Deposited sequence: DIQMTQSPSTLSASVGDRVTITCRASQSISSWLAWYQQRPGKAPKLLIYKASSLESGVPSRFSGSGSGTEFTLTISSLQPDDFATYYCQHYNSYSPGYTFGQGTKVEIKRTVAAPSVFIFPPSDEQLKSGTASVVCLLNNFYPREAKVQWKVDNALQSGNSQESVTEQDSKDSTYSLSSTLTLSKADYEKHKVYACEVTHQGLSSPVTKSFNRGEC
């Protein structure tokens, strides 16, 4: 396995920071290394090749350096466009081998915001059709990491996170509690418990 490893997996930074992202190769590879940017939805875009050559059009606040096994990509002054995900890549030319790193997501740094928490019981409609869906909403919070704890008086819930609200830099999370009616009608009082560092102790509603 020629393997390319990136760190950190997530980088929290502010407009104006000098940021540096690391790539490590499991074996020496000279300068045969490229860097790529990707926004959500969009196709990857080439930034650096040969470890340190800038692609035409790519803003000069981008640079790469390193040789052999450790490589870095640096943004001298982070701009709103630079919030995205970055990948490195070993290539040859001689004989075909491309290997990507697993990615580093650069995200907007913000002060800790506790999630407003709301919970919704199943509707009457759903209650006829065969299933109950309790939804817990974790709203406008930072940072990204939050633990949702479903309480029923597992493996029956699913989660989904909004992308960073770019005017607020916050996240919102939805958890869906899916049971049948009666795992649902048997039990009575429902609860969604949420851990997040913007909160002293886990809050429940």
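Coordinate coverage of the deposited sequence is interrupted at 154-157, 210-216, where no C-alpha atom was modelled.
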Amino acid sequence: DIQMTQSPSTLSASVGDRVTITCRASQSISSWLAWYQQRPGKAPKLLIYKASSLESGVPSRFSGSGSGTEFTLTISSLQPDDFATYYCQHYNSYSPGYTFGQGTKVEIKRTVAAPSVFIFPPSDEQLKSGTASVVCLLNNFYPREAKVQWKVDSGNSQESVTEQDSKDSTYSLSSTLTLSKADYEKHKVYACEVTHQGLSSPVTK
From here on, numbers count along this sequence of modelled residues.
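If you average the C-alpha B-factors over 88-96 and over 68-76, the higher value belongs to 88-96. For the pair 184-192 and 14-22, the mean B factor over Cα atoms is greater in 184-192.
For the set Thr178, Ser60, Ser56, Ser175, the PDB entry assigns the largest Cα B-factor to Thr178.
Per the deposited coordinates, the residue with the largest Cα temperature factor out of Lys151, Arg39, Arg144, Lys50 is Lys151.
The entry lists a Cα temperature factor for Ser166 that places it in the highest third of the chain's modelled residues.
Among the modelled residues of its chain, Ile2 has a C-alpha B-factor that falls in the middle third, as given in the PDB entry. Per-chain ranking of the deposited C-alpha B factor places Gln102 in the lowest third.
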